[PDB]
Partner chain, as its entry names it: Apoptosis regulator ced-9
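First, one chain by itself: the form deposited without its partner chain, in structure tokens.
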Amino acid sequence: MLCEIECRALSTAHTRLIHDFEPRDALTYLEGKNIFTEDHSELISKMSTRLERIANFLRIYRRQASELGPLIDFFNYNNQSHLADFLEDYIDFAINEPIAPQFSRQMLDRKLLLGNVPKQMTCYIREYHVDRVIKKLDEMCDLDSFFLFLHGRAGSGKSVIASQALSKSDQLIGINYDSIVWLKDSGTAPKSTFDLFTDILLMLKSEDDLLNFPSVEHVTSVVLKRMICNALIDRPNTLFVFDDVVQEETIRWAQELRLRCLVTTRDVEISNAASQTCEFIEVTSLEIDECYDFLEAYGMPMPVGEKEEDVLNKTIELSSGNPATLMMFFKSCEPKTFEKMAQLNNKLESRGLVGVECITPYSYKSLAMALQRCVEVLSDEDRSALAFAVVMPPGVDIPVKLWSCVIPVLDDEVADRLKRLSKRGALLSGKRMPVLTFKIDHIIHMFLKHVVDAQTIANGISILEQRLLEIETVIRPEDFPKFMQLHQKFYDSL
């Protein structure tokens, strides 16, 4: 059988083998050289048109010969040497040695779409992240199956980055992976982890036989799984984006199906479901400098006065660099005046996130609609712990014992809950030394506060004053816990 090289040659020199050639001419020279069976020569010898005798000569030939030498041989003797010379030239520019950009782009675009990838954000890109995503994906196209976890705070912007990381470079799709399948999960029911994989297979399915799509709706899990892998064999280097996984079962299925997965999620621990070592990239809160860039990018006026850069540090403070709630802010700051910007700053407090809830590219009116879920999923006991964090000052690094005061139950158990709490929605901020301390930001703070029982706030505050008796960069010392009064300011506002 002729190898790709040897078959790529019969194909490249095809415009020519049509203008002047004839399989009848070669049949005797092949049968004579024991290259063609009686029936072979019968099949190619009785054909009305020549393109038939040619297509059968090139099909039949690619199977029969151990190599391409005889073809050249015959092409010579037949006064068609201008042919056997072209093919021998081609076999040599491989034996002796080891287009339009815009046009090419269309292919990239189609690859992106059919895989249901959304458009990448353009007016502002956190290159760093999109860059590091792409990098760690390149490192892995070699791998047979793998998880990439693009986790972060709710609405911290994870999904947008996957849009961009598969949309900037032209390698990830075409060079590193052949195709893309991007599916949004968001599964909560127990039928969701199966329903997902019903639609994943559909993505793989040919455009033909979407008509024949059966009542696959009713068929076991062992079968949808076996069905998919069958189809999977058809496609090579198929990347899977699983935008928004909540249930670890998805990861589990992903690992039974030996898939290559990008994964956006809020809860990071779903990765413990996978035994394979999984790589991670955390979508942090927008740094103070990146917030500026993000604002300018969307026509937002930069600071001009001391108490104007401050008006804007207030928004950043409240937003704590929150892509999603920051965006909701802009869509609301129509006046685009440092003034109406500050009106919101004050308003957001006396109304929580609901003060700036707006129609946004986010599926959600306000970040509170999102976080809802992040809180429901929480261990029944952990749902409790989170409720009592409101009392603590936001954006303050504070000790474990000072927390042991409001939280229900050596109280290390408090710390264990507070870790689960940062792991599972970036609700809290851990920090090992100088001393084990956590911290609640304002977005999260405001959310929890406005969400809880108006009573449970005041009850936790009193439950704290009790422990207040005992017997800034500078963390609060144990000689001075008796007075949480430093934050009287940020406490009197209850």
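Residue numbers count along the first chain shown, from 1.
One more form of this protein, deposited with its partner chain bound, exists but is not displayed; see below.
Asks: In the entry with it bound, does every one of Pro394, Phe447 and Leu468 come within 4.5 Å of its partner chain, counting any heavy atom?
Replies: Not a single listed residue reaches its partner chain in the entry with it bound, so no.
Asks: Picking from 353-361, 385-393, 281-289, 308-316, which part of the chain touches its partner chain in the entry with it bound when contact means heavy atoms within 4.5 Å?
Replies: In the other structure, the partner sits against 353-361.
Asks: Please run the contact check for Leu51 against its partner chain in the entry with it bound: heavy atoms, 4.5 angstroms, yes or no?
Replies: Flag for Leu51 set to yes.
Asks: Going by a heavy atom distance of 4.5 Å, is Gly321 a contact of its partner chain in the entry with it bound?
Replies: Looking in the entry with it bound, residue contacts with its partner chain do not include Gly321, since no heavy atom lies within 4.5 Å.
Asks: Taking any heavy atom pair closer than or equal to 4.5 Å as contact, tell me whether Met203 reaches its partner chain in the entry with it bound.
Replies: Although its partner chain is absent here, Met203 would touch it in the entry with it bound, with heavy atoms inside 4.5 Å.
Asks: Residue-level question: is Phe213 within 4.5 Å of its partner chain in the entry with it bound, judged on heavy atoms?
Replies: Answer yes; at least one heavy atom of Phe213 falls within 4.5 Å of its partner chain in the entry with it bound.
Asks: Looking at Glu139, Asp73, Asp199, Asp89 here, can you tell me which has any non-hydrogen atom within 4.5 angstroms of its partner chain in the entry with it bound?
Replies: Contact check passes for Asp199.
Asks: Between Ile175, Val400, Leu114, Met302, only one gets a heavy atom within 4.5 angstroms of its partner chain in the entry with it bound; which residue is that?
Replies: After the contact test, the surviving option is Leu114.
Asks: Counting only heavy atoms, which residues in 281-297 are within 4.5 Å of its partner chain in the entry with it bound?
Replies: Heavy-atom contacts to its partner chain in the entry with it bound: nothing from 281-297.
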